[PDB]
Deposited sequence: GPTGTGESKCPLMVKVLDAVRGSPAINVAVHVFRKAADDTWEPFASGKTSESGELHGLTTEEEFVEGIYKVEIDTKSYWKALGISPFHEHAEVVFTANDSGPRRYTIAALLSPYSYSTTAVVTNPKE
């Protein structure tokens, strides 16, 4: 797995389960084209987005539907979603992690 996403809930201290995640890659006309998508597991993880074959150098956007997550819990959150945008410069594994709260989120990249 060259690309994994992991989502945590900072309020309840749990994985954030069943969170929709959409991945886009930048096209040569500077528009976003769908690339991969999924829902986080019981462990708050999403694997199997891509193969190494398909995950070439490029600019990618990882969109996490945080709003639906919080609304399902009876909480009116601040953000519409959380978006993580990065170049994969693949030269010399990417884990995109997000930690969520209703009015706040943090994200880090672990690249190994």
Item to complete: Extract from the deposited sequence all ranges with no corresponding C-alpha coordinates, numbering residues from 1.
Response: 1-9, 102-103, 124-127
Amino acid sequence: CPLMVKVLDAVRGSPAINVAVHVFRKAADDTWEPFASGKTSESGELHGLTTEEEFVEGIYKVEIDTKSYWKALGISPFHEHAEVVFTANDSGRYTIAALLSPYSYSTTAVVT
From here on, numbers count along this sequence of modelled residues.
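Whichever C-alpha set is largest while still superposing within 1.5 Å between the two forms counts as the rigid core.
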Fill in: Comparing 83-91 and 45-53 where Cα RMS over structures and residues is taken in 8 other deposited structures of this protein (core fit), larger one
83-91
Item to complete: Higher average CA B factor in the deposited record is what I'm after, so tell me if that's 21-29 or 5-13.
Response: 21-29
Worksheet item: As stated in the PDB record, which stretch has the larger average Cα B-factor, 74-82 or 31-39?
Response: 31-39
Worksheet item: Which third, lowest, middle or highest, does the CA B-factor of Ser91 fall in along this chain?
Response: highest
Discussion item. Split into thirds by Cα B-factor across the chain's modelled residues, where does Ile59 land: lowest, middle or highest?
Written reply: middle
Worksheet item: Lowest, middle or highest third: where is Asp65 by C-alpha B factor in its chain?
Response: lowest
